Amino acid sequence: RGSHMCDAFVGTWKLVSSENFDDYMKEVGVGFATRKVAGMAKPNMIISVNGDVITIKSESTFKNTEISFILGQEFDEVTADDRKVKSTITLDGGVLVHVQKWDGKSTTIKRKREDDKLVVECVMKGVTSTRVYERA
């Protein structure tokens, strides 16, 4: 197998900034104690590509998580804040677009490369958060 555009995401990343994540989590419905502990976390994100399968791992003092998926193919995800969601991730012009659906709600997480950073932008009912990762 040859190179893929999404190889731009592959590597080991560390959170360096987080904006408005508490308000995003409130909109998602995250309870007080989980919001406080999850908001403190400075996760590492490890992204790998093997054939058609993309794996995104997150490691932090709060939770360790791993999802593996094929673009366009829905999967079951248990999120770090313990939602059981249906997730679909697609590639739109270089941007990984991740929709989570649960309990009649939905949120969108976009992951994109900007300069040497990995930028994560998420939105829930008009509330956006931006989290920036750098190479570890």
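Counting begins at 1, following the sequence as shown.
K.L.:
Which of the two stretches, 28 to 36 or 67 to 75, shows the higher mean Cα temperature factor in the record?
P.N.:
According to the PDB entry, the answer is 28 to 36.
K.L.:
Averaging only over Cα atoms, indicate whether 123 to 131 or 9 to 17 has the higher B-factor in the PDB entry.
P.N.:
Comparing 123 to 131 with 9 to 17, the higher average CA B-factor belongs to 123 to 131.
K.L.:
Please say which third, lowest, middle or highest, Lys105 falls into when its CA temperature factor is compared across its chain.
P.N.:
Ranked within chain, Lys105 CA B lands in the highest tercile.
K.L.:
Taking the C-alpha B-factors as the PDB entry records them, is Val95 in the lowest, middle or highest third of its chain?
P.N.:
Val95: CA B-factor falls in the middle third of its chain.
K.L.:
Please rank the C-alpha B-factors of the chain's modelled residues and tell me whether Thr55 sits in the lowest, middle or highest third.
P.N.:
It falls in the bottom third of the chain.
K.L.:
What third of its chain's C-alpha B-factors does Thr61 belong to: lowest, middle or highest?
P.N.:
Its C-alpha B-factor belongs to the highest third of this chain's values.
K.L.:
With respect to C-alpha B-factor, does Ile89 fall in the lowest, middle or highest third of the chain as deposited?
P.N.:
For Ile89, whose C-alpha B-factor we compare with every modelled residue in the chain, the answer is the lowest third.
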